[PDB]
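Participant: Read top to bottom, the protein sequences are chains B and E.
Numbering (the authors' numbering) for the first sequence: 146 to 183, 190 to 260, 264 to 483.
All residue numbers for the second sequence refer to the authors' numbering, where the first residue is 519 and numbers rise by one.
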Amino acid sequence: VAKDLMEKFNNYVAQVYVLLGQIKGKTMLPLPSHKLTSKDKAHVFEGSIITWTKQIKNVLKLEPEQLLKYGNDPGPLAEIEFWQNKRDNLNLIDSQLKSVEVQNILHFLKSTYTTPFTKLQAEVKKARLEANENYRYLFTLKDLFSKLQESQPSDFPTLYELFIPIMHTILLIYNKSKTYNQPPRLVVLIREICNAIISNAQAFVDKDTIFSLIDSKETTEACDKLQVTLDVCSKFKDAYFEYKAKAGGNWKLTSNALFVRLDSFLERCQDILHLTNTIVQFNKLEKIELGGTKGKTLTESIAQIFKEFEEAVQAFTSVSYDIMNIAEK
Amino acid sequence: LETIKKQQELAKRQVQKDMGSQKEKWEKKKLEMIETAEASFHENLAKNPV
C-alpha cells in the first residue's frame with residue numbers, strides 16, 4: 146500500500162493544483178505531471200489531469216454567461232479578455248506542460267496523448283481567434299465605459315445621439331479582424347450588451363421615482379420624459395437598422411427574438427405611458443366647472459367619476475411589488 | 519374656459535419655439551461630426567495591438 150498510498154497522495158496533490166487553478170488560473174497539467182520519477192501508471196495519471204484542463208476551456212462559453220442574466224456590454228468584453236488571458240496562460244502552461252520527459256510518456260502508449271495534443275492545438279487556434287475577439291472586446295469595453303461611467307442622470311438625450319457612432323465602430327470592427335471566429339455568436343453578445351445597458355438606464359428613469367410621481371400626481375413633464383427615454387431605445391434600434399444598411403449584407407443580429415427582451419421592456423413602459431397620460435386627463439376633469447343648464451347633479455356625477463379615477467390610482471397607486479419590473483407579469 | 523384659452527395661446531408658442539425649420543438637418547450634422555471623430559478614435563484603437 147506504500148506505493149499505492151504515495152499514488153493517492155499524488156492524486157490529492159493534483160486535485161489541490163486543480164483547486165488552485167479554479168481559484169487560480171488552471172495549470173492543472175503541470176501539477177498532474179510526475180516529479181522526480183525513477190511508474191508508467193503515474194505518467195498516465197498526469198496525462199488524465201491534462202485532459203481535464205482542455206475540457207475546462209471548452210466548457211466556458213459566451214452563451215452560458217448570457218443565459219444567467221448579465222450580458223452587459225462592459226461584462227462581455229471583460230469575459231472575452233478573461234478567456235483570452237486564460238488561453239494565453241494555458242498556451243504558456245502548455246509550453247511548460249510539453250516537457251521532453253512528457254513527450255517520452257506519450258510515445259510509450264498513445265491515442266490518449268494524441269487526443270490532448272490535438273485539443274491543445276485547437277486551443278492555440280481558438281486562442282488566436284480569442285485574441286482577435288479580445289481586441290474587439292477592448293473596443294467594446296471602451297464603449298461600456300462610455301455607459302458604465304453614467305451616474306443614471308440624463309445620458310439618454312445624449313446617449314441616443316452617441317448610439318449611432320458606437321454602432322458604426324462595431325460595423326468597422328468586423329471588417330478589420332476578417333478571420334474573427336464565431337462572428338455570428340459575437341453579434342448575439344452585442345445585442346445582449348445593448349439591451350442590458352438599456353434596461354439599467356430604463357430602471358433608473360422609473361422605479362421608485364415613477365411610483366412617487368404618480369402618487370403625487372403633480373408632474374406631467376416627467377411622464378413626457380419617460381416617453382423620451384423609450385425614444386432613446388427606439389433610436390438605438392433605428393441606429394442598429396441604419397448600421398445594417400451601412401453593413402450591406404451579413405446583418406445577423408436576430409433582434410426579432412434577440413431584441414424581444416428589449417422589445418418586451420419597451421411594451422411594458424409604453425403601457426404605463428398610455429395609462430399615465432389618461433391619469434393627467436382625469437385631473438383636468440375635476441377642475442372643469444361648466445355650470446350650464448341643469449347644475450349640481452351633473453357636477454356630483456362628475457365628482458364621483460373623478461373620485462372613481464382616484465380609487466383606481468389607490469389600487470394601482472399602492473403598487474405592492476410591481477415598480478414596472480420587465481420580468482414581473 | 520379663460521385658463522384653457524390661455525393654454526391654447528401658449529401651445530402655438532411652444533410649437534413655434536421648440537420646432538424649427540431643418541431642425542433634423544442641424545442634428546444630423548452634429549451626428550456626422552461625432553461619427554468622424556469616433557472613426558478616427560477606432561483607427562487609433564486598432565493601431566495599439568499592431
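In this text, a Cβ means the ideal position worked out from N, Cα and C, and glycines have one as well.
Using a C-beta to C-beta distance shorter than 8 Å, which residues of chain E count as neighbours of B:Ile456?
Facilitator: The residue you call residue 456 of chain B lines up with position 302 of the first sequence. None at all; the shortest Cβ gap to chain E is about 16 Å.
Participant: With a CB to CB cut of under 6 Å and the five nearest residues on each side skipped, what residues in its chain are close to B:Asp369?
Facilitator: The residue labelled residue 369 of chain B in the question sits at position 215 within the first sequence. Counting only Cβ-Cβ distances below 6 Å, and skipping sequence neighbours, we find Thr471.
Participant: Give me the Cα-Cα distance between B:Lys332 and B:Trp234, rounded to the nearest whole angstrom.
Facilitator: Mapped onto the first sequence, residue 332 of chain B falls at position 178. Mapped onto the first sequence, residue 234 of chain B falls at position 83. Going by the C-alpha atoms only, they are around 20 Å apart.
Participant: Should B:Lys280 be counted as a contact of the ligand FMN given a C-beta to heavy atom distance under 8 Å?
Facilitator: Here there are no bound small molecules, and the ligand FMN is not part of this structure.
Participant: On the three-state DSSP scale, how would you describe B:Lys169?
Facilitator: As a working mapping, residue 169 of chain B is identified with position 24 in the first sequence. Coil, per DSSP.
Participant: To the nearest angstrom, how far is the alpha carbon of B:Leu283 from that of E:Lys535?
Facilitator: For the purposes of this step, residue 283 of chain B is taken as the residue at position 129 of the first sequence. For the purposes of this step, residue 535 of chain E is taken as the residue at position 17 of the second sequence. B:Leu283 and E:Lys535: Cα-Cα distance of roughly 54 Å.
Participant: Using a Cβ cut-off of 8 Å, which residues of the segment 274-305 of chain B contact any Cβ in chain E, in chain order?
Facilitator: Within the segment 274-305 of chain B, the residues whose Cβ lies closer than 8 Å to some Cβ of chain E are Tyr289, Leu292, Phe293 and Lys296, listed in chain order.
Participant: Please state whether the Cβ-Cβ distance between B:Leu218 and B:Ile231 is less than 9 Å.
Facilitator: Mapped onto the first sequence, residue 218 of chain B falls at position 67. Mapped onto the first sequence, residue 231 of chain B falls at position 80. No.
Participant: Using a C-beta cutoff of 9 Å, does B:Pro311 count as contacting chain E?
Facilitator: For this step, residue 311 of chain B is matched to residue 157 along the first sequence. So no, B:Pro311 is outside the interface.
Participant: What are the start and end residues of each continuous beta strand (DSSP E) run of 3 or more residues lying completely inside the segment 193-223 of chain B, in chain order?
Facilitator: Whole beta strand (DSSP E) segments, 3+ residues: zero.
Participant: Touch check for the segment 387-399 of chain B and the segment 424-437 of chain B: three-plus C-beta pairs under 8 Å?
Facilitator: Counting Cβ pairs under 8 Å, fewer than three are found: no touch.
Participant: What residues in the segment 313-347 of chain B bring their beta carbon closer than 8 Å to a beta carbon of chain E?
Facilitator: Taking 8 Å as the Cβ-Cβ cut-off against chain E, the residues of the segment 313-347 of chain B that qualify are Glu315, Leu316, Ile318, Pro319, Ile320, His322, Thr323, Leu326, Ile327 and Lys330.
Participant: Does any residue of chain B bring its CB to less than 9 Å from the CB of E:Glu542?
Facilitator: Working through the second sequence from its first residue, we reach residue 542 of chain E at position 24. Not one chain B Cβ lies under 9 Å of E:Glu542.
Participant: Among B:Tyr394, B:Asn209 and B:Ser305, which has the Cα closest to the Cα of B:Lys279?
Facilitator: If you number the first sequence from 1, residue 279 of chain B lands on position 125. Nearest C-alpha to B:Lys279: B:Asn209.
Participant: Pull up the distance between the alpha-carbon of B:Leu241 and that of B:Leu248, whole angstroms please.
Facilitator: The residue given as residue 241 of chain B occupies position 90 in the first sequence. The residue given as residue 248 of chain B occupies position 97 in the first sequence. Each residue's alpha carbon lies about 9 Å from the other.
Participant: Could you give the residue range of the alpha helix (DSSP H) that holds E:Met551?
Facilitator: As a position in the second sequence, residue 551 of chain E is number 33, starting the count at 1. It spans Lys541 to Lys565 - the alpha helix (DSSP H) in which E:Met551 sits, taken as one unbroken run.
Participant: Does the beta-carbon of E:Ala557 have 16 or more other beta-carbons within 10 angstroms, so that it is buried, or is it exposed?
Facilitator: Residue 557 of chain E sits at position 39 when you count from the first residue of the second sequence. Answer is exposed; the Cβ neighbour count stays below 16.
Participant: Any beta carbon from chain B within less than 9 Å of E:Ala557's own beta carbon?
Facilitator: Taking the first residue of the second sequence as 1, we reach residue 557 of chain E at position 39. Yes, because at least one Cβ of chain B sits closer than 9 Å to the Cβ of E:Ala557.
Participant: Strictly under 9 Å for the Cβ-Cβ distance: is E:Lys535 near chain B by that measure?
Facilitator: Position 17 of the second sequence, counting from 1, holds the residue named residue 535 of chain E. Cβ-Cβ to chain B under 9 Å: no for E:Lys535.
Participant: Express the C-alpha separation of B:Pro307 and B:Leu343 in angstroms, rounding to a whole number.
Facilitator: For the purposes of this step, residue 343 of chain B is taken as the residue at position 189 of the first sequence. For the purposes of this step, residue 307 of chain B is taken as the residue at position 153 of the first sequence. The straight-line gap from Cα to Cα measures roughly 26 Å.
Participant: Would you tell me roughly how many angstroms separate the C-alpha atoms of B:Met151 and B:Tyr157, rounded to the nearest one?
Facilitator: Position 6 of the first sequence, counted from the first residue, corresponds to residue 151 of chain B. Position 12 of the first sequence, counted from the first residue, corresponds to residue 157 of chain B. When rounded, the distance between both Cα atoms is 10 Å.
Participant: If you compare alpha carbons, which of B:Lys301, B:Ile320 and B:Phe154 is closest to B:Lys180?
Facilitator: If you number the first sequence from 1, residue 180 of chain B lands on position 35. That would be B:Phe154, whose Cα lies nearest to the Cα of B:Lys180.
Participant: As an exercise, report each continuous alpha helix (DSSP H) stretch of at least 4 residues that is fully enclosed by the segment 399-455 of chain B, in chain order.
Facilitator: Complete alpha helix (DSSP H) runs here, min 4: 409-412 and 414-441.
Participant: Contact criterion: CB-CB distance below 9 Å. Does E:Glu545 meet it with respect to chain B?
Facilitator: Sequence index remark: in the second sequence, residue 545 of chain E carries index 27 (1-based). Yes, E:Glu545 lies at the interface with chain B (some Cβ there is under 9 Å from its Cβ).
Participant: What first and last residue would you give for the alpha helix (DSSP H) that runs through B:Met321?
Facilitator: For the purposes of this step, residue 321 of chain B is identified with residue 167 of the first sequence, where counting begins at 1. First-last of the alpha helix (DSSP H) with B:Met321: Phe310 to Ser331.
Participant: Which residues in the same chain as B:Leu380 place their Cβ atom closer than 8 Å to its Cβ, once the five residues preceding and following it in sequence are excluded?
Facilitator: Here residue 380 of chain B refers to the residue found at position 226 when the first sequence is read from its first residue. Cβ neighbours of B:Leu380 beyond the five flanking positions: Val359, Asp360, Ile364, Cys423, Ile426, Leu427 and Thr430.
Participant: Leaving out five residues on either side along the sequence, give the residues of the same chain with a beta carbon under 8 Å from the beta carbon of B:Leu260.
Facilitator: Translated into the one-based positions of the first sequence, residue 260 of chain B becomes position 109. Counting only Cβ-Cβ distances below 8 Å, and skipping sequence neighbours, we find nothing.
Participant: Have a look at B:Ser455 and B:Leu367 and give me their C-alpha separation to the nearest angstrom.
Facilitator: Taking the first residue of the first sequence as 1, we reach residue 455 of chain B at position 301. Taking the first residue of the first sequence as 1, we reach residue 367 of chain B at position 213. Answer to the nearest angstrom: the Cα atoms are 27 Å apart.
Participant: In whole angstroms, what separates the C-alpha of E:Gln526 from that of B:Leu298?
Facilitator: Within the second sequence, numbered from 1, the residue matching residue 526 of chain E stands at position 8. Within the first sequence, numbered from 1, the residue matching residue 298 of chain B stands at position 144. If I take the Cα positions, the gap works out to 45 Å.
Participant: DSSP three-state label for B:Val473, please.
Facilitator: Residue numbering aside, residue 473 of chain B sits at position 319 when the first sequence is read from its first letter. Here B:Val473 sits in coil by DSSP.
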